[PDB]
**Q** 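If you scroll down you'll find the structure; I have some questions about it.
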Amino acid sequence: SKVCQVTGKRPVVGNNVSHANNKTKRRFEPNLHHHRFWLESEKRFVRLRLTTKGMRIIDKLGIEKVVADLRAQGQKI
Amino acid sequence: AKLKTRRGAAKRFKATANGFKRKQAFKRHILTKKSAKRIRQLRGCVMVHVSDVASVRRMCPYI
Amino acid sequence: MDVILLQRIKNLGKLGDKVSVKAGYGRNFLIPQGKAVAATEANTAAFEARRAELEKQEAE
RNA sequence: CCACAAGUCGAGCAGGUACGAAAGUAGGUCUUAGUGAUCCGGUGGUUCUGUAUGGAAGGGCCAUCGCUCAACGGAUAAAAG
RNA sequence: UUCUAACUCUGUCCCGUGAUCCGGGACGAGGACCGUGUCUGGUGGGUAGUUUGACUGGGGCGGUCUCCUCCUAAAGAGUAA
RNA sequence: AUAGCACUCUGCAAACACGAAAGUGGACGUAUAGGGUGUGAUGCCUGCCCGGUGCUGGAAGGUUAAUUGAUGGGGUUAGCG
RNA sequence: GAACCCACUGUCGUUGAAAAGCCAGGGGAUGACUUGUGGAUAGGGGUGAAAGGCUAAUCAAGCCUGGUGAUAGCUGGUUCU
RNA sequence: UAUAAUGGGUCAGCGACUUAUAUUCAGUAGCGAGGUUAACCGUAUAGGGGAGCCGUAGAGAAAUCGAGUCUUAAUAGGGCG
RNA sequence: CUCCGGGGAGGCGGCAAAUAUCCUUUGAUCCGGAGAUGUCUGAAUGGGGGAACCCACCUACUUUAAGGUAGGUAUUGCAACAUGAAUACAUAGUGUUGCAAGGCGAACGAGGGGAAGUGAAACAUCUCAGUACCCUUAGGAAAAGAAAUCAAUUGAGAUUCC
């Protein structure tokens with residue numbers, strides 16, 4: 001499913017609103033994609049499915065911290 | 001349940017001691033061509049006619 | 001991002017300079033390969049504290 | 001005059017005015033056609049209101065502007081077989 | 001115009017493995033393009049919801065739909081096709 | 001419908017179709033192949049028109065969206081009064 | 001030209017022997033043939049040598065149950081003195 | 001409408017203006033410039049519970065005034081009382 | 001069927017009579033409590049399957065022929081232990097032991113999705129309505145809850161229901 005491993009973002013629902021104010025169901029999707037990160041402490045590449053906000057959090061906190069946090073929630077990475 | 005006021009009518013009518021008062025029509029625009037007498041005699045409030053009082057009462061139960 | 005250079009680069013600087021680079025450059029080329037480290041307080045303090053002399057002696 | 005909403009005539013009182021020596025005449029044109037409700041907004045004023053208080057924004061009142069809404073009491077801002 | 005390090009391969013080899021899926025490893029060919037997310041202009045009977053007036057010597061076609069003057073209107077007012 | 005004929009698209013991870021995606025058919029095929037459209041064995045043949053709509057190729061002049069935010073005009077108050 | 005598969009004409013039958021038949025004639029009958037068993041495609045979808053045909057005697061959008069006691073300016077009815 | 005306009009073969013049984021809340025008017029009973037409690041408590045149709053509602057004053061868009069008030073330069077005139 | 005307690009002249013369930021045989025004052029039938037037994041299908045869990053069927057393996061004992069009894073043999077998640085590639089350390093993978101879960105059921109709760117008939121005397125904004133319905137998942141209740149809340153004489157004091 002389209003779920004980010006770092007933030008938990010997922011598609012949401014909303015409306016298309018026309019100029020005549022007709023309303024139609026739509027979805028908003030995350031900016032999801034796969035990326036490989038070098039885990040030094042284990043000497044290996046780890047593949048994650050995440051958003052660009054997830055990348056910003058990784059740049060802010062470091063990859064090993066995020067990996068430990070994810071393993072703390074029972075994720076197999 | 002409770003009776004509900006017709007808010008459009010509530011915005012048009014107000015209650016006096018023995019009836020209802022209202023504003024006069026034809027004073028919103030297109031005023032240059034109208035004579036001074038019509039301009040000044042269509043200004044102010046008048047009373048609601050007895051033929052429309054019953055309908056106003058049904059539409060505004062609490063005023 | 002803010003990066004301090006563990007090892008010299010032709011134009012970014014030489015042996016421990018701190019400098020700003022675009023995010024993709026540091027994220028995809030420098031940090032995985034070990035030619036730089038991000039400018040956090042802990043990493044920076046570790047940089048000057050102990051490994052500064054060893055890195056300087058490891059000039060090549 | 002009239003179902004309503006509307007429409008028509010009006011002596012006379014107060015202020016300012018024009019024309020007449022004056023008594024006086026003048027609130028458009030001999031008259032009856034030349035027109036469009038409400039809603040929503042624009043412009044000029046204003047001793048009204050102003051979500052703690054002082055202001056302000058917005059609203060109200062007075063004057064005025066935008067419809068061949070002509071299927072002309074005008075079902076929508078927006079529609080052929 | 002070059003480069004490789006993100007990214008792509010429904011290309012080759014090795015392992016999981018008794019496997020034309022998949023994952024990892026090594027190459028090769030591309031490469032900051034292609035592709036995806038949010039915003040945005042165009043196109044869009046492919047699909048969906050609907051609209052497409054009334055009078056009327058049946059309905060359609062034609063004409064008409066609001067206002068003013070005269071006659072019909074029977075010496076007050078009003079009076080239809 | 002048909003054998004025959006013609007136009008047109010498709011260079012392979014093909015065009016095209018199904019599906020939300022993963023994927024599947026096309027095809028374990030490769031322009032002498034595959035899809036769409038029209039005509040309809042065979043004989044003789046198949047005239048003129050590119051103004052309209054469509055398709056294909058050009059141009060970088062006019063107009064135009066998101067984004068960007070230069071200037072100008074208001075509100076408020078330190079102070080001057 | 002028999003079996004087998006079809007359905008061109010006529011009489012009969014029409015509360016039928018039969019919710020599509022019998023009888024007398026008729027067409028194909030080594031092929032784009034007929035048939036058994038078991039599978040696949042599901043409703044704005046499927047399938048169709050194309051008739052809007054077929055999808056359980058039902059098809060210009062199957063059947064069942066729910067929204068549901070849909071709405072009906074229309075037709076009917078509305079009980080002793 | 002005897003109508004050749006509709007409905008009924010006959011009998012017996014069943015079959016259609018209701019219920020809850022709000023409001024207005026008319027009767028009737030209590031109290032009377034006053035009338036009345038809601039939820040709730042309560043060995044519970046009692047007794048407590050006065051928050052609230054209607055009446056007792058209008059005018060004005062409103063600020064404001066108040067047996068007056070609005071309009072206006074106006075104590076004039078006029079509208080609502 | 002067994003034990004304990006109650007009870008004191010009948011009883012062998014009903015449709016469904018009668019017969020026949022019986023049981024019972026050495027305490028029956030019956031009533032209450034605690035045990036024992038409890039075929040096959042069904043989450044069904046050894047593999048399969050057209051539910052109530054087909055086919056197996058392992059161990060301990062037992063039989064003498066082609067068997068019997070008892071137990072075990074699902075998947076996933078977690079923990080421990082063992083083993084173990086490409087690849088040198090490792091890791092992935094593989095296996096054993098122990099623990100847990102799955103299914104069913106009225107309403108009420110919380111969350112993820114979400115109409116149209118109808119009304120507007122037409123209809124698109126709007127209404128119907130976050131209703132009907134689909135999906136996931138608790139508990140005896142759930143949810144909420146101890147102010148970065150209201151108020152405006154500088155006062156109140158968490159949430160929920162009338």
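Chain identifiers are assigned alphabetically (A, B, ...) following the order of the sequence lines, protein sequences preceding nucleic acid strands; residue numbering begins at 1 within each chain. The figures that follow rest on heavy atoms only: side chains count, while hydrogens, waters and symmetry mates do not.
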**Q** Need the pucker for E:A73. North if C1'-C2'-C3'-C4' is positive, south if negative.
**A**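 Pucker flag: south.
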**Q** Can you pull out every side chain to side chain donor-acceptor pair (under 3.5 Å) where at least one residue sits in residues 31-56 of chain C? Sequence neighbours excluded, please.
**A**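 Passing the test, one end in residues 31-56 of chain C: C:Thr40-C:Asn43.
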**Q** Given that both distances must come in under 3.5 Å, which nucleotide forms a Watson-Crick or G-U wobble pair with H:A57?
**A**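 Result: none.
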**Q** Establish whether E:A19 and E:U51 are paired, applying the Watson-Crick or G-U wobble definition with both distances under 3.5 Å.
**A**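 Under the 3.5 Å cut-off on both distances, the two nucleotides are not paired.
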**Q** Could you tell me whether the sugar of G:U47 is north or south, judging only by the sign of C1'-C2'-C3'-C4'?
**A**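 A north sugar, the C1'-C2'-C3'-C4' torsion of G:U47 being greater than zero.
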**Q** Would you indicate, from the sign of the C1'-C2'-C3'-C4' dihedral, whether I:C135 has a north or a south sugar?
**A**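 The I:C135 sugar sits on the north side, the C3'-endo region.
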**Q** Which base, if any, makes a Watson-Crick or G-U wobble pair with I:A17, both distances under 3.5 Å?
**A**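 Matched I:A17 with nothing under the 3.5 Å cut-off.
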**Q** Heavy-atom nearest nucleotide on RNA chain H for B:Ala1 versus B:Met47: which residue maps closer to 5'?
**A**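 Between the two, 5'-proximity favours B:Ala1.
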**Q** Any stacking for adjacent E:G57 and E:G58 under the 5.5 Å centre, 30° plane criterion?
**A**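 Stacking test on this dinucleotide step: no.
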**Q** Could you check whether D:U47 pairs with D:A6 (Watson-Crick or G-U wobble, each of the two distances under 3.5 Å)?
**A**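 WC or G-U pairing between D:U47 and D:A6: no.
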**Q** Tabulate atom names and distances for all N/O pairs under 3.5 angstrom spanning the protein and nucleotides 120-127 of chain I.
**A**
| residue | atom | partner | partner atom | Å |
| --- | --- | --- | --- | --- |
| I:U125 | OP1 | A:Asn22 | ND2 | 3.3 |
| I:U125 | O3' | A:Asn21 | ND2 | 3.4 |

**Q** Residues in side chain to side chain donor-acceptor pair (under 3.5 Å) with A:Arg36, at least two apart?
**A**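 By the side chain to side chain donor-acceptor pair (under 3.5 Å) rule, A:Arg36 matches no residue at all.
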**Q** Can you check the B:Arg57 CZ to H:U23 P distance for me, whole Å?
**A**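 Atom-to-atom, B:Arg57 to H:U23, this comes out as 16 Å.
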**Q** Please verify, for E:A54 and E:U47, whether Watson-Crick or G-U wobble pairing holds with both distances under 3.5 Å?
**A**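 In fact, E:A54 forms no Watson-Crick or wobble pair with E:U47 that has both distances under 3.5 Å.
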**Q** Evaluate the stacking of F:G69 against F:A70, requiring that the six-membered ring centres lie under 5.5 Å apart and that the ring planes differ by under 30 degrees.
**A**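 Base stacking between F:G69 and F:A70: absent.
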**Q** Report the nucleotide, chosen from H:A61, H:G58, H:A22, that has the shortest atom-to-atom distance to any side-chain atom of B:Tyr62.
**A**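 Shortest atom-to-atom distance from the side chain points to H:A22.
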**Q** Could you pull out every donor-acceptor pair under 3.5 Å between side chains of residues 18-32 of chain A and any protein atom, sequence neighbours left out?
**A**
| residue | atom | partner | partner atom | Å |
| --- | --- | --- | --- | --- |
| A:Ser18 | OG | A:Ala20 | N | 3.3 |
| A:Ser18 | OG | A:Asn21 | N | 3.3 |
| A:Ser18 | OG | A:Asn22 | N | 2.9 |
| A:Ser18 | OG | A:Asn22 | OD1 | 3.0 |

**Q** Indicate, with a heavy-atom threshold strictly under 4.0 Å, whether C:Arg27 touches base, sugar-phosphate, or nothing.
**A**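 Nothing, no heavy atom under 4.0 Å.
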**Q** For A:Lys76 and I:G93, what is the distance between atoms NZ and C1' respectively, to the nearest whole Å?
**A**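 Computing the A:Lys76:NZ to I:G93:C1' distance gives 12 Å.
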**Q** Any Watson-Crick or G-U wobble pairing between E:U10 and E:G28, both distances under 3.5 Å?
**A**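 Paired, no.
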**Q** Measure the distance from CG on B:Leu42 to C1' on D:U64 and round it to the nearest whole Å.
**A**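 Roughly 15 Å, once rounded to whole Å.
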**Q** Out of H:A22, D:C4, D:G36, which has the shortest distance to the side chain of B:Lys33?
**A**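 So the side chain of B:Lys33 is nearest to D:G36.
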**Q** Partner of I:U2 by Watson-Crick or G-U wobble geometry, both contacts under 3.5 Å, or none?
**A**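 In the structure as shown, I:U2 has I:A34 as its Watson-Crick or wobble partner.
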**Q** Closest nucleotide of RNA chain H for B:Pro61 versus for B:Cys45: which of these residues is on the 5' side?
**A**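 Whichever sits nearer the 5' end wins; that is B:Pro61.
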**Q** Scan for ring pair (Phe, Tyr, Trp, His ring centres under 6.0 Å) pairs involving residues 43-77 of chain A, sequence neighbours excluded, and state none if there are none.
**A**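 Found A:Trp38-A:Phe45.
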**Q** Considering all heavy atoms of both residues, which atom of B:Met59 and which atom of B:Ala9 are nearest to each other, and what is their separation?
**A**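 What the structure gives for the nearest pair is CE-CB, 4.0 Å.
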**Q** Give the stems involving RNA chain F, where a stem is 3 or more consecutive Watson-Crick or G-U wobble pairs (i with j, i+1 with j-1, and so on) under 3.5 Å.
**A**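 Only these stems qualify: F:4-10 with F:33-39, F:16-18 with F:23-25.
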**Q** So if I take residues 24-54 of chain A and measure heavy-atom distances to RNA chain H, which residues fall below 4.0 Å?
**A**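 Contacting residues: none.
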**Q** Would you call D:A18 and D:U25 a Watson-Crick or G-U wobble pair if both distances must be under 3.5 Å?
**A**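 Given the Watson-Crick and G-U criteria, D:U25 is paired with D:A18.
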**Q** Both donor-acceptor distances under 3.5 Å, either Watson-Crick or G-U wobble. Does G:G48 meet that with G:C12?
**A**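 No.
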**Q** Which word best sums up how the rings of C:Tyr25 and C:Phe29 line up, parallel for under 30°, tilted for 30 to 60°, or perpendicular for over 60°?
**A**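 It falls in the parallel class, under 30°.
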**Q** For E:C55 and E:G63, is it a pair or not, if I count Watson-Crick and G-U wobble only and require both distances under 3.5 Å?
**A**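 Result yes; both H-bond distances under 3.5 Å.
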**Q** Judged by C1'-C2'-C3'-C4' (positive north, negative south), is the sugar of G:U15 north or south?
**A**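 North is the answer for G:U15, its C1'-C2'-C3'-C4' torsion being positive.
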**Q** Can you tell me if F:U24 puckers north or south, using the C1'-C2'-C3'-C4' torsion sign?
**A**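 F:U24 falls in the north pucker range.
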**Q** Is I:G93 the Watson-Crick or G-U wobble partner of I:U83, both distances being under 3.5 Å?
**A**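 They are paired, because both relevant distances stay under 3.5 Å.
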**Q** For residues 12-60 of chain B, pull every pair meeting ring pair (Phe, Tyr, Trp, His ring centres under 6.0 Å), keeping only residues two or more places apart or in separate chains.
**A**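 Qualifying pairs, neighbours excluded: none.
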**Q** Could you state the CD1-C1' distance from B:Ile39 to D:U64, rounded to the nearest angstrom?
**A**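 After rounding, the reported distance stands at 9 Å.
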**Q** Just distance, no hydrogens or angles: give the donor-acceptor pairs under 3.5 Å from side chains in residues 1-17 of chain A, sequence neighbours left out.
**A**
| residue | atom | partner | partner atom | Å |
| --- | --- | --- | --- | --- |
| A:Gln5 | OE1 | A:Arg49 | N | 3.3 |
| A:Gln5 | NE2 | A:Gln75 | OE1 | 2.8 |
| A:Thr7 | OG1 | A:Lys9 | N | 3.4 |

**Q** Among the candidates H:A61, H:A59, D:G7, find the nucleotide nearest to the side-chain atoms of B:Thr16.
**A**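 The answer is H:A59, which lies nearest to the side chain.
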**Q** Just grab all the salt bridge (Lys or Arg N to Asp or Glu O under 4.0 Å) pairs involving residues 7-24 of chain C, residues at least two apart or on different chains.
**A**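 Sorted pair list: C:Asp2-C:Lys18.
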**Q** State whether I:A51 pairs with I:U21, counting either Watson-Crick geometry (purine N1 to pyrimidine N3 plus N6-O4 or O6-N4) or a G-U wobble (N1-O2 and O6-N3), each distance below 3.5 Å.
**A**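 WC or G-U pairing between I:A51 and I:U21: no.
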**Q** Can you confirm whether I:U73 and I:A56 pair in Watson-Crick or G-U wobble fashion, both distances under 3.5 Å?
**A**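 Paired: I:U73 with I:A56, WC or G-U, both distances under 3.5 Å.
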**Q** Hey, can you pull the residues of residues 18-32 of chain B with a non-hydrogen atom under 4.0 angstrom from RNA chain H?
**A**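 Result for residues 18-32 of chain B: B:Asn18, B:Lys21, B:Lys23, sorted by number.
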**Q** Excluding sequence neighbours, so at least two apart, what forms side chain to side chain donor-acceptor pair (under 3.5 Å) with A:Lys43?
**A**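 Expected list: A:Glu40.
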**Q** Under the rule that ring centres be under 5.5 Å apart and planes under 30 degrees, are G:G44 and G:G45 stacked?
**A**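 Ring centres or planes out of range, so no.
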**Q** Would you call A:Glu42-A:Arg71 a salt bridge at under 4.0 Å N-O?
**A**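 The answer is yes: the pair qualifies as a salt bridge.
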